[PDB]
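Structure first, commentary second.
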Number of protein chains: 4
Amino acid sequence: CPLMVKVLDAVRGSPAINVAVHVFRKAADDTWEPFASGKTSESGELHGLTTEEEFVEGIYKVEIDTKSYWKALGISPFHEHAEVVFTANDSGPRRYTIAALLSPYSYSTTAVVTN
Amino acid sequence: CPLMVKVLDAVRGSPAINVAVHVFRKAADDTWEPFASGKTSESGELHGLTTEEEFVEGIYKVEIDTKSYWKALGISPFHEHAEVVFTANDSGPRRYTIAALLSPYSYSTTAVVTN
Amino acid sequence: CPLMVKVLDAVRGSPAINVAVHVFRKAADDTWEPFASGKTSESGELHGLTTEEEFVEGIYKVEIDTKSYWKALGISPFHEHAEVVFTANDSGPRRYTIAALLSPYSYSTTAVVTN
Amino acid sequence: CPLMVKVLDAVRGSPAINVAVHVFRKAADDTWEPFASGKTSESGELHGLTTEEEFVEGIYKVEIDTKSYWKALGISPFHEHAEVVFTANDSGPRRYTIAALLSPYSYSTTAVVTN
Ligand SMILES: Oc1c(Cl)cc(Cl)cc1Sc1cc(Cl)cc(Cl)c1O
Ligand SMILES: [Ca+2]
Ligand SMILES: [Ca+2]
Ligand SMILES: [Ca+2]
Ligand SMILES: [Ca+2]
């Protein structure tokens with residue numbers, strides 16, 4: 001599992017469940033092509049987005065749909081989404097965990113990269 | 001000053017100086033068109049981006065060039081940039097401050113919206 | 001102003017106003033003795049805590065009463081308070097800003113140390 | 001496992017390994033009595049601090065030795081440690097995960113509380 005996403009809710013102190021996540025990869029013409037998508041589980045984790053074969057070098061964008069998450073909880077948040085944009089696999093295959101910690105007017109994102 | 005940006009460096013414990021910031025407004029065809037830009041000052045702040053007359057309701061993207069900032073310090077970064085996307089909504093007088101706290105493999109962003 | 005404290009609210013996207021802050025200095029017997037205190041202003045800032053003459057090298061603790069802040073807003077918090085513990089070191093002119101970004105089940109703190 | 005601690009390094013994008021963690025519980029005389037301690041593994045996780053029987057109601061303090069972590073990496077950090085202070089189990093037993101994200105001049109902490 002080369003790309004995993006974890007989302008936590010800083011208001012409730014819980015995993016953020018059922019958060020939609022869309023991954024894009026920059027194409028040769030510099031547009032964002034759709035790459036993979038999914039939603040977080042009851043643990044706040046999203047596994048199975050991609051495979052070692054599919055997850056080639058490139059510039060990837062992970063768009064976490066934080067607005068829909070907050071709206072479903074009856075909350076009007078500030079951001080449209082949380083975006084993480086990074087170059088992947090430039091020195092060979094790595095495993096990436098993108099973590100996001102959500103508040104209505106704030107978010108933090110961190111990456112854990114392992115070989 | 002309806003829109004201000006502040007950037008902090010969590011490695012050195014200092015304002016993030018000379019960071020390029022580009023602001024875009026979402027156009028009717030869903031593209032991002034340039035709206036305002038600048039570089040943070042010695043205090044890590046970027047003032048004078050826009051005026052009340054031109055800062056209308058809409059979806060805005062603030063792109064902070066974190067990768068170039070880290071490279072100028074000789075520090076290896078993860079992200080290509082930090083992207084903060086939000087809707088500006090007229091509800092009485094409102095000033096927007098977008099703050100970003102930068103680390104090489106993590107960033108936090110928050111919005112301070114005051115009257 | 002050698003020591004300033006700033007507190008932000010990540011749920012409401014606002015300065016955290018009227019937050020009690022107590023500063024302690026570590027004494028020779030390893031106990032924490034009161035040094036300075038106050039409440040954040042309408043801008044979320046607490047100025048005038050100490051003077052350059054009295055703010056000597058040492059270990060300091062900044063206790064932010066986050067629990068009372070959240071209770072006054074009717075929001076259920078996790079932490080009893082936020083504690084920021086650091087050594088002040090004389091190395092040329094130095095001003096210390098301790099910033100805290102508050103959510104009910106999370107907080108971030110950073111130090112901005114300038115000349 | 002009712003109390004677990006996870007620590008990540010925001011400079012390297014990795015688990016923070018071999019971080020010492022000391023847990024205290026407030027005694028009847030209002031002093032901090034030692035409760036449990038350990039160090040993070042290669043995954044940045046610390047398991048086995050306590051048991052369901054031992055982890056009674058009370059006010060607990062989790063002190064994460066961030067200064068030693070940074071010093072071992074040849075880095076001079078700002079904070080002495082990262083402290084998390086919270087009331088536990090007041091509405092019955094819960095499971096607590098305390099996560100900490102570390103930078104030399106900044107840290108974030110979050111709690112995930114499950115039933
Ligand atoms: O989701 C997390 C956040 Cl927001 C902060 C911290 Cl200090 C830990 C976690 S869990 C987690 C996050 C990442 Cl990037 C990698 C792994 Cl292996 C985790 O367990
Ligand atoms: Ca390559
Ligand atoms: Ca409107
Ligand atoms: Ca000294
Ligand atoms: Ca009870």
Side-chain angles (χ1 to χ4, degrees), chain A residues 8-13 66 77-79 82 99-110, chain B residues 4-11 13-16 44-45 62 64 82 84 86 96-103 106-114, chain C residues 4-21 40-41 43-46 62-70 73 75 77-79 81-84 86 96-112, chain D residues 8 10 78-79 82-85 98-103 105-111:
Chain A
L8 299 180
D9 178 327
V11 169
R12 274 157 278 281
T66 59
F78 183 74
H79 301 95
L101 172 67
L102 308 188
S103 299
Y105 280 73
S106 187
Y107 64 88
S108 297
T109 186
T110 313
Chain B
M4 193 263 288
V5 179
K6 189 167 184 163
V7 191
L8 296 187
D9 175 335
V11 171
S14 73
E45 295 175 5
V62 179
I64 303 167
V84 182
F86 67 96
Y96 296 82
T97 294
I98 301 301
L101 177 58
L102 303 184
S103 300
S106 179
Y107 64 88
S108 301
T109 185
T110 189
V112 191
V113 183
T114 55
Chain C
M4 193 263 288
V5 179
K6 189 167 184 163
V7 191
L8 296 187
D9 175 335
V11 171
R12 306 194 296 149
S14 73
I17 302 170
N18 197 33
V19 180
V21 179
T40 56
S41 74
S43 70
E45 295 175 5
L46 175 51
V62 179
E63 288 210 338
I64 303 167
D65 186 4
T66 61
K67 195 184 189 181
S68 292
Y69 176 76
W70 291 119
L73 300 179
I75 291 166
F78 176 73
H79 301 93
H81 49 254
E83 277 189 43
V84 182
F86 67 96
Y96 296 82
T97 294
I98 301 301
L101 177 58
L102 303 184
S103 300
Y105 278 66
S106 179
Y107 64 88
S108 301
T109 185
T110 189
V112 191
Chain D
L8 299 180
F78 183 74
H79 301 95
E83 276 194 40
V84 176
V85 184
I98 304 302
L101 172 67
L102 308 188
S103 299
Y105 280 73
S106 187
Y107 64 88
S108 297
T109 186
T110 313

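Hydrogens, waters and symmetry mates play no part in the numbers below; they use all other heavy atoms, side chains included. Lettering follows sequence order; numbering is per chain, from 1.
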Would a 4.5 Å heavy-atom cut-off, applied to side chains only, mark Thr66(C) and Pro77(C) as touching? no
Do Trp70(C) and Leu102(C) have side-chain heavy atoms sitting under 4.5 Å apart? yes
When rounded to the nearest 0.5 Å, the distance separating OG of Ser103(C) from CZ of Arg12(C) is 12.5 Å
Heavy atoms, side chains only, cut-off 4.5 Å: are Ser106(B) and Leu101(D) in contact? yes
Let me confirm one number: the CD1-CD distance from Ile17(C) to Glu45(C), rounded to the nearest 0.5 Å. 11.5 Å
Taking all heavy atoms of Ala111(D) and all of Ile98(D), pick out the closest pair and write down the distance. CB-CD1, 4.0 Å
What do the steps show when you test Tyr69(C) against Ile64(C) for side-chain contact (heavy atoms from CB on, under 4.5 Å), and what is the final call? CA-CA 9 Å; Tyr69(C) 176 76; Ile64(C) 303 167; over 6 Å; no
Quick one: does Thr40(C)'s side chain have a donor or acceptor within less than 3.5 Å of a partner on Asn18(C)'s backbone? yes
So do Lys6(B) and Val112(B) actually touch side chain to side chain, heavy atoms under 4.5 Å? no
Report the relative orientation of the aromatic rings in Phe78(A) and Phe86(B); use parallel for angles under 30°, tilted for 30 to 60°, perpendicular for over 60°. parallel
In this structure, CD of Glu83(C) is separated from NE2 of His79(C) (nearest 0.5 Å) by 11.0 Å
Minimal non-hydrogen separation, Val11(B) against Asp9(B), with atom names: N-OD1, 2.8 Å
Quick check for you: to the nearest 0.5 Å, what is the distance between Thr109(B) atom OG1 and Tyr107(A) atom OH? 5.5 Å
Okay, side chain of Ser14(C), backbone of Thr114(B): is any donor-acceptor separation there less than 3.5 Å? no
Taking every heavy atom of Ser108(C) against every heavy atom of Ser108(D), the minimum-distance pair comes out as OG-OG, 2.7 Å
